[PDB]
Structure formats: structure tokens, C-alpha cells
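Following: one structure in C-alpha cells, then a few remarks.
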Amino acid sequence: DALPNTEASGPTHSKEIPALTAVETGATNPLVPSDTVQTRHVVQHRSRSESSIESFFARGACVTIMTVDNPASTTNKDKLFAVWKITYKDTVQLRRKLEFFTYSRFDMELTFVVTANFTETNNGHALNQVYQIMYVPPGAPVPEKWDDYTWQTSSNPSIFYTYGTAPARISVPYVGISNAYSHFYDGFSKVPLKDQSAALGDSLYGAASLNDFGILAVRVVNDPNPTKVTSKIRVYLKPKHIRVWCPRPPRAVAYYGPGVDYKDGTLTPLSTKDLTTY
Amino acid sequence: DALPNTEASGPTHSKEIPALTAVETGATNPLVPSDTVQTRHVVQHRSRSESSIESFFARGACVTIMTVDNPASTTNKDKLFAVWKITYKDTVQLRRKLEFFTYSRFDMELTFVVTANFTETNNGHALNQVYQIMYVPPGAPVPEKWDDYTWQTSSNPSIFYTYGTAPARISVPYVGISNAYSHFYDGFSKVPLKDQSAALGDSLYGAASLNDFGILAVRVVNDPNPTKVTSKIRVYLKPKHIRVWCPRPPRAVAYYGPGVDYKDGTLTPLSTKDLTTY
Amino acid sequence: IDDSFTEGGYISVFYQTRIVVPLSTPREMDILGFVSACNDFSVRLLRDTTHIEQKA
Amino acid sequence: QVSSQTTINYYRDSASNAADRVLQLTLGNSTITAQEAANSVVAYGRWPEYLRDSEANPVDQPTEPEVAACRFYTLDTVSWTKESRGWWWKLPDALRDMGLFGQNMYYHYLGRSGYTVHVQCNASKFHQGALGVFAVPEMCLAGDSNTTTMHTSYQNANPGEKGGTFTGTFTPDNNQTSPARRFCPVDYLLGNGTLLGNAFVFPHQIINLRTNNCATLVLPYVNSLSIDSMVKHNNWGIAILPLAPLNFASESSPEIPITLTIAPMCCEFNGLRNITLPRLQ
Amino acid sequence: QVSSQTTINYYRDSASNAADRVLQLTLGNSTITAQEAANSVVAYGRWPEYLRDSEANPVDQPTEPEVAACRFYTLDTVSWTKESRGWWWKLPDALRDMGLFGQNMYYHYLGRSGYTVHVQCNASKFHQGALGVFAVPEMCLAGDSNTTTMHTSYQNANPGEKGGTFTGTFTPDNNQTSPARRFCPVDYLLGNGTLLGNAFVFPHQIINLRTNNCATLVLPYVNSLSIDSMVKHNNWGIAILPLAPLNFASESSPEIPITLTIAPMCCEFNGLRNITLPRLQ
Amino acid sequence: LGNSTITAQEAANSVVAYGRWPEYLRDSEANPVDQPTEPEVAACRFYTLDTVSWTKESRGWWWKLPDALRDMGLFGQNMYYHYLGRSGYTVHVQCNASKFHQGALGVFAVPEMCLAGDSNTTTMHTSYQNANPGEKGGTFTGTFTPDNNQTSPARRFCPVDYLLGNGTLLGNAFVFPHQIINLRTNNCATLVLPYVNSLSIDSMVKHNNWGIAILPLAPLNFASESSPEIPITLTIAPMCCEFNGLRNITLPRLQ
Ligand SMILES: CCCCCCCCCCCCCCCC(=O)O
Ligand SMILES: CCCCCCCCCCCCCCCC(=O)O
């Protein structure tokens, strides 16, 4: 869209005094440059398209790193499959971009980038591996062994990624039970009633099952080789069709956990600067 | 386009004397072969399409070579990720082709060609590597470690290239803050004021932030193997939709740095040839 | 980015006529600033921010 | 579909697609007047409205108290001494022991409501100061323990009408045996960890003692859910912070009182049952 | 779209798509006459024009001096001895201490302007020589130090009206303690490092003493920016090089003087403030 | 005016001296032929001259125009470079005091403002340097004092305050365009002075068309305090200023 044209202006002697206002009310001054300065006509070409919500969020961001290994059958140590609870609060950048706003409805697009590497000094051979990435919604059984029944994916959607091909990718609609994702929640999930044990009803502040999306379990389908092979799946999350509500002030101090807590020594964001110094 | 047809001509005895002109003015003589010679009619088929600006620039040219290694975890030496400041003045051929003209608006198309090779005599095994190529605009934090927060690419666009697949490629619009890229800039970024310290206001000649496009950081996503693996990303730059302004004379002596300087011993471009010798 | 070529300029506040307070009145005022964009503002070329770091 | 600068959708599911001084207001049997109030802020430009069936989740017939609950309740008064950093009251947790609104919200399971908050603080022409009243939505606050997160208790996170206060400097709850589980919001960080200066993004007004002595905020019902439990979730939150400290006639002990008058508007309830008797002390 | 020798665009963003002797001219209160001037060169065939709002970046009302600054200023005169290699004056840096134009460009932050350069040099029918006047846009020049690049100082790169000179042979500034930071442009390389012969691509004229004694160049405002600082960026640059050496009656000491008369045209300014007082010596 | 803006919430309207807004020279009454250089925005700005303390025992001040705007921005440069120049002015006198202050100023825009000399042994003997103080302005003296020095006369103005300098009376001085800054009512005074002169255009370095005289009609007083001071500022904006006759720049002797 073509932003408003900067209309011309000239000397004035009126008493409207648009320059002076009162900030006590909650309305910002709509004053424009033409009002307080002699302004020349200017055809306007600049557009705010790049700064829209989509263009501001139309970029995948890493949200986790999941480590899965394929220990050699020589060593009795069991395989390590990675169970990562779905959330965007593991990192900061995506979390900080989202926590500008209070509520958000956005379809999601997840991309999995896998990498592998040998660990034992023995430069052995490992055939191309196949990774299973299974989504376990809230309630579905959590796999406990890399080769148990739960991996059948009878109802849990799953992706089989052949290492070395294009990174895996899948889209998901808005899955919130509420009508918008709650970035912040001031409240509890239980109310401690006056006539029950203290332990009962004790729930973490600002913790609710609105952000309860289940887990994501990643395993190496290949049965173990003679040489251990480690791998690290990276999940990049892109919000599509995103709508946001109730803006907020961006975080200033480093995050501390899922909540809005801040650590003791992190409360010094600003920098030294003398009052009268350009 | 069909160039002008070479019209016929015959003996003439007039006094227009188009052959003689005066070079003192700044207008070249539009004389044509028919004027000074008996010329036969010739239907013209030749066209100047191949020589247009697009066809002259419609070819990617290498602009840098970035070295990134994956040192073995056995050796404590840290990984080497490559930070290359975006510019076409690392090479000569593309620089020389562009420096025909003074200003240029061109969309860009960057292609990354990656190669790898083992270094240690030990012929070990290294699983297929994944390279991250992240664009850090002017101001965004510069990654200092291969595994720090800045690699999350929350807002910085990034490409994940799986070594062995088709070379990476991406297009970019005209990103100049001005209305055309300034190949040459006669001036400074600061004016040394008469009432301040000499150091303040001291800026390099012909250096301005018009060509300030940020850096490009390339890393090997894979955590280190037991065997070091080096790699070299090559960036090939193709100008698309290019328009150029204010032609200039092509460089004659070898370049020296970003400026228009020339080295002491390079000032002998031409070659020996006797005046009267075919 | 703080840049020499694309500088923005300078802004300053001075006393044109000193603050005059009657007697039995506080003799130390305070002024609060506010900065916003006008309706013709715009930005482009999204990038990352240096204000937040995921320590380790 | 050839869009301007060929867009073909191949997947059935949609997620797979590509990207002024004078004021007098009457609520029920309550009336509020203010001759030097600098207009009102309709937070987010949305007046409170009754739930519309087009976006109605529950089925049960809603009980709207109307006059009996949409009244102006004056919460306790607080002294704005020179060395005071601020105060914060969460809503509707403040109106939990106020008239019939408290009874309705405890009896009914689900409840929604907008509010009209009138902050009153008056000083002479010779006084010097300025308050900022922000209606923070989903107002969270940081805990006091660096060894745990989201550990605050229900009793301490819901002070009631007494409200809370902002502390000048952070102080960890070093007690590892019986943690206080108590909010410790730093004044300039606003508690959430953001900066105070940016806090003006929230709906807000400023009570500048030279110009105005009142601040009116009409807060609609904002929530991810059309209707939600009032005993668990505190939708809004009022934070009053003094932008410029109080001063008066070179006197080092000036006090003036600040009062709040909150009126639920278009409050609706559903899900009647035994009355909630929560543990608060 | 089936184009002649199927072009379908799949990406929304556009970057993703595929590929004569007599002359008399009056400016303000100044008039120039020349009975043997060989016409004029409108560099790039564009007459200077005032900024058009369709391509106007700043908003501030522009101050156009008009008559007070669009005058012909005669810069100092220079002797064209036999063993002289050339001269170069950067614009508008030359007109920095010339009348009100200097004051306007120092006071105002941004400024654009075209120029009309009249180079005057007259010799008898018995004199023999030829000058070439080139209006180099964005005229850069090579430094004197091979140990550093772009190291020239503001004072040395902006001689003023005195202008500069081309040196016959390059000479490195071997002083490593206090580098002179001074231009050392070789005459035949034109300074930029290119060749003199090709320098005719630039707008140019030739003052051939047998034919004409004057050269007029109407230089428009060429720049990546519609309006730009005049104290930092020198848009154009005049370079006068003798293509054929002066000679006269077998005399080994012939001198004739060359004068420049530059007239800003359609000069506009914006951004008034305290006056720039740069360090130049 | 141009890039300058002036605001005043308690200014008691403006005086268009003689009811004539400044206008560009009309060819119907144009003496010279040369194309006129009108700076427009670059010179029709509000320049704030220095500030002056209105102590209790202060008699007045006077600034001659355009001699005041001789070292102010580009207007000074234009008037020194160009031979002939005409211009109107907009003078804004600013002086603010509390509700507890007591006083009143009178600002008169005296046309062709002459002032009496200091020597009774000679007439019209004032020097150019002393008769054109610049932006510093001048002051009115309570009592006349002859310049008795007969060897090197000071050639300096000695205008008595109540006589207004010209020799007339202060009371009648209200015939001139004027305003009153009464600290109880208003804290500003705006005067739009047109270009009045026997000539359509005249030299600006020789002839000072107008002259601003600020005299305190009632002395300053505050809370029975015998040392009350408040500052008075002037902000002058040339309007419709035109020039002719460009040449070498005048470099006059002023000190
Ligand atoms: C692993 C293969 C199948 C994966 C199926 C999709 C996985 C994501 C489903 C839940 C996403 C909802 C939470 C994302 C948005 C948020 O938390 O803000
Ligand atoms: C590495 C993956 C993302 C890369 C994003 C595009 C990188 C290029 C963006 C800046 C290009 C501007 C400069 C090119 C033209 C020039 O310098 O003449």
C-alpha cells in the first residue's frame, strides 16, 4: 500500500495550536510533519508490507535440538530416542517475537533438519539411517523403548525421514482448544479449597493445559550397527496465517524458564549515557 | 532487433561534405558507410540482443570463497565458521564488469556451491554434512561461536544445504537504501569539524554505508566427527533486471583494495608497438 | 546501526525562558519524554535483534 | 488463480496452503462525578458487551445480575508517600468480597465481565507529581525465587482488594526450607520483566496533578475464551506507578491518597453449584 | 503467458522472477560571451531541473536561492606552461567560498544543484595546443600510499577553488610515520586507474586553440540520491588535461592562462541549522 | 515562518502596524530594474535575539531594525551582499511571570526611530558604530548627561527614558504601533511591521527603517522582594524580504 502522501504546507497564523496536546488522556497525538513545519508536496512510494504480521513471522525459527543415537550392538547401552515436549519456550528469539502480543491464532509449519556423525575413534561403516518422528498428543502412550508397540503409529501421525534427502516438513492447523493460543496466563489450574489438604490444589502459577500439545518422539529406525552414530534433529517452526491480539512490551531482560521470572543478576538491560551528550 | 539496413549509394558531387567534422564539440560524428563510399543495398539481419545490459550481466560470477571446517572432537581446536562481509569487490571480473557504469539497480541471485574434503591422513568416516548459511543484516548480532543463540535464525533468513544435493540458490530484490547502488562514491561519511578532536570525523575516503549490506555466516551444523572435514562454499552472483547509469572507462591496471587505488609497479598496461608497423 | 553516512541528526531541549515558580511551591520540576512514529513511517528487511541473548 | 505481484492449492486441508475535564457516569445505583477528569479510555476501542450466541461455547442459561453487580465498588485507599513505587490490583480478584458480585462469581462456575475503573487522586495547585495507570491484560508477575519458576501460591498471587506493591529492588527468596512463594515485581521492570517505558502499549492513562485528578478506563473482556472461570483466571490487572515522585512546598513528607472505584459491566455467569470456599490466608 | 522466441511466475516476490562559434548566456546578474565557442554539451542530454515531488525524499520546504546563487563564479586562473599535465576541480567543493552559494551549502544540510561550466582559454593563430575538459561524475582519485587504501584526508581531497593537479609519474608516500594522505593521480591514468583515451566516455569537450577558445558543459545533477549532503559528497568533477602540448614560434617557454566560470543551476537546499565550520587546513 | 514556529498560550492578539501586511514589491511602484533575490524560507525565519534582565531599576531597551539582524543567519549575508533591500518584520516579545509578579512593559515599533546625541556642543554627531549596536541593543538612561569630553567625543546616544530619546514625551508614544505586556494578563506581544519608507527599496546597511523600544510602564515587583528579575526575549522574523544590486560584500567598521 502507498503510504499517505506528504501534502504541502506553508506559513500559518491560526489559533488551532495542534502542536500542543495533553498526554494525560490515553490517545496519542495524530500530529503530522505538515502541521509544525513548512512541508513540500511529496508523492509517497513506501509501503508497510514488509512489516505486517505475516512478513514479521514468515520465517522458520529453531525451537529445539533433539539428540538420538544408535549405539553399537557391541556396547550393551540401550538406544537413546528423544522425547521433546512441544513448545516454543525452549529458545528465546521466537519466544521473544511471539511475546510481543498476548494472544495468537497461527497455523504452524514444522521442518526437521537431521544431521549425523560417528563418535567412536573406529572409522567404521554405518548404512544410511531412517528416522521416525512421531507425534504423541496429550494422553497417547509415551514410547519407553525404541522397539515397543507404541511406535506402530496406528493413529499417531509420523514421518519417516531418510537421512541425506530434503529436510522433512509438515503443516498443521490451529490446534488450540481455546479460540487463541495463550502466550500468557495469569491464574492457576486448581483453586486451593479451604477444606482439603494443602498439597491438593497446589498448582504452578500461570500454568494451564492451554499449551498442552503433547510430545514429539524421534528414534533411529535402524537396528544398532557395530559403530555408534549420533544424530541431532533440529525443528524449525514457521507461523502461517498468523493473527495476533493485545500487544505487549517486548522482553528486556533474559528469560528464565517458562514463566515471566527473571534471575537475580540479569536486571540491568540499559547502558550508560550522559544526559547531555550526543 | 534488425539493425538498420545498409542503403545503397552512388557517385556524388555535392558540397555538404559530411565527412569533415569538428571533434571540439562533444558530439560524435553520426557518419555512416554510405556517405564516404559507394555502398550496395544490404538487408540487415544482425541484432544487438546479445550485447544488451541483461545479456552482458546474465551470468553468475564467483564473488568469494568461504572456508568452514569440522575439526575432529579429538582435537580441542574450535570449529571454524566463516563470516564474509557481502561485497562484489573480493574478485575482479565481476567488479570490472560492473565498474563500467557508475550506478546500478539490479536484483540479485546468489548460488552456493559447496565442496568438502578430508584433511587428516586417517581415512575415517564422516556422515553427510548439513551447512547453515545465515544472512546477518547490518546491526544484527554476529555469531561468535558455532553453537550460540544467534544461529536460531529467528529473523535472519537462512538456508540449510545438505551436501551432495543441487547447489543452493536464492533471489533478492534491490536492497539499496539509495535509489541505485553506488559503485563509486567521491566523499566521506564524516566532515572533520574545525572545533573537535582530529580523530573524530576521520573517515576513509570514498567509504560510505551505501554498500553496507551486512555479513553472511556459514557453519557446519553437524557436531564434530572423529575426523576433520574441511569445506569451501563458493558464492556465484547473477544480476537480474539490471539497469545501469553513467558509463565509465573500464579499469586498465590491476585493482588494489576496495578503492580506486593502484599499486606502484602496476602502471604499465599497454604493450610495445612501433608507430609504422602493421 | 549507528552509522556515519546515514546519520539521523540531533535533538536538544533548552530553556528559552526559565521556569518561574511562586513561593511555597516546589523548585524542581520533571519532564518526561515520549517517542513515536508518524503515520508515514515504514521499515523493511527483517533481521534479528541484539537485545536478547540465549546465554549458553 | 493467477495473482498479481499462478497459485494452485494441491492439499485439501487449509493448513497446507502457503502464506473533556467534566465527567459524570452512572452504573446501577452508583454515580461518579469528576470535574477535572481528562476524558476516558475505551481500552482497545471496544465497549463491554454481553456474550453473543454466535460465539457462545456453553449452553446453560446465563445469569446476568445487571444492577445488583454492575455497580461502582470503591476499593480501599492507599497513601502515595514520596518513597512509594506503585501498586497493582488483579481483576476480578479484587471484587471477590464486594457485594453480590463476589457471591455470583463464587457460586457460578464460568463468568465473564468488562470493567470500568475510575482512579481518583486529587492534589492542590501547589502539589507536584504524576501517576500512570495501566490496565495490563493477562498481567503476570515474576516470582521471588531464582531456584524455582512459576512457584507462586494462590494466596499470595491474589491479594484481593488490598492489592500489591512494586518493590524498588529485586531480592531473592533465599529461604530454601519454606519458600514464601510470593511475587517480587521490580518497579521499573513492571514485574513481567519488560521495561516500564514501553508499558504505554497497554491501555493507560496518566493522572498529572497539574492537569487532571482522575483517570477512567473502560476495559472490555479480553480472553482466549469467550467465558472462563473467574476464581482461577484474572483477566485484567491495574498497575498504578508514579512516573514522577510527589513533591510539595519543599516538604519531605507529602502524602495524598489514591482511591479506585471499579464497576463490572455486562457481567454474565454460567454453571451454578455449591459455592467456592477457597483458601486465601 | 506464452511468449515468442510458457512463462509462468510461481513466486509472489518480483525478485524471484526470471530475466555554432557564437555564444552568449546569462545566469542571474552574470553574462558570459564567447565569439569562438564550439557549441555546448548538455551532459547526458539532461538539462538541470528542480526536484519534482514525484521523486522527493525529504519533506522540508526547499530554499532555492535562485538569482543569488545561480551566478557565474570565475575560479582562479592557471598557467598552461608547456610542461603541465592537467588540473582537476571537484564540485560543488570548488564553490564553497564563492558568494552566497557557499553560505547556503554550509548552512543547509542537504543540497542538490546542476552546473554550467565555461572553460576559457584563448591563444593566437600562431599558437599550437589542445585541451580536453571532462566532467567526471563521482570522480574518485587514487591515493599516494601503497600500504593503505582509501586513506586520503578531507582537507587534501577537497582543495577548494585552488584545484588539484595531475602528476606525470606515480610516487608512493613512503613516509610511514605521518602519511600525507594526499591524492597522487597519474595524468594518463586519469587518477581513477583507467586510461585517458577512454575518458571520452564522460561528458567532455575539446578546446583546440586552432578552432575554439571556449568549452561549455551543462552538467545535470546525477546521484544515487535525489538530494544529498554537499559538504560530504562531491557529485561531479572537472578534469582539464592537455591532449597536445602547448607550442608557439619554436619558443620553449610559452604560457597561456586557463580560467573556469562555474554557475550553479536549479540549486535547491533543505535542512537548515547551525553553520558547518569544517577543518580544511 | 519557514522552519521556525512560535507558540504562546497567553498572547493578547497581534498588531498589524498601520493595518498593512508586508508585501513583495509590486512592479507598479518599482524603481530598480534588476531581478530581485527573495531568500524566502532561508531568511524569513524567527531569530531570537539575546535575552535581557528586567531588574527593578531598569529603564528600557531599544533595538534598531534590520541592524539587529545583521549577524543572524543568511539574512545578514544577503543584506551585506545586496545593495538595496526591503523587508517587513514580525516581532514577538516574550516575557513571562508568575501570577504573583507585578509589572507592565510597553513595546513600541518606532518608525524612522532617531535618538538624541550626548553632546550639547554638536548635533548629529553620533558615529555609525555606536548608533548600530547590533543584536545587543541599547538602553534608555534615567537622566541626561552631556558628553563633556571635548577632546575625543564619545559620539554616543544618550536617550532619556521618559522623553523616549527623540525629545518627545513617552505618554504620547502610543501613537506608534504598540502593545503592552501586562504580566497579570499577557506574557507576549506580537507586532507585524510592514515596510514603511519614503523609498520603495533602500539600502539596509545605512537606513534602519523601524525600531523597537521596550520601556517598563510600571516597575517590576514581587512579594515585597527588592531584587526581582525576569528575562525578556525578542524573536524577529523578516517577512517578504527582497534584495537587489549584488556585489562585493560590505565589511563595515563596527568596533
Ligand atoms: C512428527 C511428525 C508429525 C507431527 C505432527 C504435528 C506436530 C505439531 C502438533 C501440535 C502443534 C501445536 C503447538 C504449536 C504452537 C504453539 O505451541 O504455540
Ligand atoms: C544466506 C541465506 C540468505 C541470504 C539472503 C540474501 C543475501 C544477500 C542480501 C544483500 C545483498 C545486497 C548486496 C548485493 C549487491 C551489491 O553489493 O552490489
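Residue names in the C-alpha cells use chain letters A, B, ... in the order shown, residue numbers from 1 in each chain, and ligand numbers from 1 in the order shown.
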
Chain C contacts on chain B, only C-alpha atoms, 12 Å, as number ranges by chain: B: 134-158, 172-178, 185, 187-192, 200-204, 206-215

Residues of chain D were defined as contacting chain E if any atom lay at most 12 Å from it, counting only C-alpha atoms; please report them as a PyMOL selection string. chain D and resi 1-8+18-19

Quick one: pick out all helix (DSSP H, G or I) residues within stretch 15-209 of chain B from a backbone DSSP run and write them as a ChimeraX atom specification. /B:33-36,49-51,53-57,93-98,149-152,209

Need to verify the contact set: stretch 25-27 of chain C, 8 Å, only C-alpha atoms, exclusion of same-chain residues closer than 3 positions in sequence. Can you return it as a count of residues only? 9

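Between atom CA of residue E:24 and atom CA of residue E:207 the separation is 17.3 Å.
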
Once you count only C-alpha atoms, which residues of chain A turn out to be within 10 Å of chain F? Could you give them as number ranges by chain? A: 10-13, 15, 17, 19-20, 36-39

Just-selected residues, N, CA, C and O atoms written as a short mmCIF file (atom, residue, chain, number, x, y, z; two decimals), in the first residue's frame:
data_model
loop_
_atom_site.label_atom_id
_atom_site.label_comp_id
_atom_site.auth_asym_id
_atom_site.auth_seq_id
_atom_site.Cartn_x
_atom_site.Cartn_y
_atom_site.Cartn_z
N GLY A 10 2.38 25.70 4.16
CA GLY A 10 3.02 27.00 4.13
C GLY A 10 2.87 27.73 5.45
O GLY A 10 2.38 27.18 6.44
N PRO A 11 3.30 28.99 5.49
CA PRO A 11 3.17 29.77 6.72
C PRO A 11 1.71 29.87 7.16
O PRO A 11 0.80 30.00 6.34
N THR A 12 1.50 29.79 8.48
CA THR A 12 0.17 29.89 9.05
C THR A 12 0.23 30.75 10.30
O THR A 12 1.27 30.89 10.94
N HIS A 13 -0.93 31.34 10.64
CA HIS A 13 -1.02 32.23 11.79
C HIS A 13 -2.27 31.98 12.62
O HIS A 13 -2.74 32.88 13.32
N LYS A 15 -5.00 29.84 15.37
CA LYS A 15 -5.02 29.60 16.81
C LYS A 15 -5.44 28.18 17.15
O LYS A 15 -5.81 27.90 18.29
N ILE A 17 -3.49 25.60 17.27
CA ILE A 17 -2.39 25.09 18.09
C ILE A 17 -2.39 23.56 18.15
O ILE A 17 -2.32 22.98 19.24
N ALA A 19 -0.03 21.64 17.74
CA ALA A 19 1.22 21.14 18.29
C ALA A 19 1.08 20.77 19.76
O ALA A 19 1.58 19.72 20.19
N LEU A 20 0.41 21.60 20.54
CA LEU A 20 0.24 21.34 21.96
C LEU A 20 -0.92 20.39 22.19
O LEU A 20 -2.00 20.55 21.61
N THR A 36 3.64 21.25 11.83
CA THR A 36 4.62 22.01 12.59
C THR A 36 5.81 22.48 11.76
O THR A 36 6.76 23.04 12.31
N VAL A 37 5.77 22.28 10.44
CA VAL A 37 6.88 22.67 9.57
C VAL A 37 6.32 22.99 8.20
O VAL A 37 5.29 22.45 7.79
N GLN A 38 7.01 23.88 7.48
CA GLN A 38 6.69 24.12 6.08
C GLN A 38 7.12 22.91 5.27
O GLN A 38 8.32 22.62 5.15
N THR A 39 6.15 22.19 4.71
CA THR A 39 6.39 20.92 4.05
C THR A 39 6.07 21.04 2.57
O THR A 39 5.11 21.71 2.17
#

Report the distance between atom CA of residue B:22 and atom CA of residue E:121 in Å, rounded to one decimal place. 17.9 Å

State, in Å with one decimal place, the distance from atom CA of residue E:186 to atom CA of residue E:129.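 Computing it gives 20.6 Å between the two atoms.
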
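Take the candidates D:275, D:258, D:100, D:141 and check each one against chain A using only C-alpha atoms; the shortest distance goes to D:141.
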
Would you list, as a ChimeraX atom specification, the residues of stretch 108-267 of chain D that end up in strand (DSSP E or B) under DSSP run on this structure's backbone? /D:108-120,127-135,164-165,167,186,204-208,214-219,228-229,237-248,251,257-267

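If we count only C-alpha atoms, these residues of chain A sit within 6 Å of chain B: residues 61, 62, 93, 94, 115, 116, 117, 118, 121 and 123 of chain A.
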
At most 12 Å to chain C: residues in chain D, only C-alpha atoms, as a VMD selection string: chain D and resid 124 to 132 194 197 to 201 206 208 210 242 to 252 254

Ranking F:79, F:189, F:212, F:115 by minimum distance to chain E and counting only C-alpha atoms, which one comes first?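 Under the stated criterion, the closest residue is F:79.
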
Could you please tell me, as a PyMOL selection string, which residues of chain A have an atom within 6 Å of chain D when using only C-alpha atoms? chain A and resi 24-26+107+171-173+178-180+185-188+192-194+204-205+240+249+251-252+259-261+263

Define the interface residues of chain E facing chain F as those within 12 Å, counting only C-alpha atoms, and report them as a VMD selection string. chain E and resid 27 to 30 59 to 71 98 to 108 268 to 275

Name the residues in contact with residue A:51 at a cut-off of 8 Å, using only C-alpha atoms, excluding same-chain residues fewer than 2 positions from it; report them as an MDAnalysis selection string. (chainID A and resid 48:49 53 55:56) or (chainID C and resid 42:44 46)

Contacts of residue B:46 at 7 Å (only C-alpha atoms; same-chain gap of 2+ positions) as a PyMOL selection string: chain B and resi 2-3+44+48
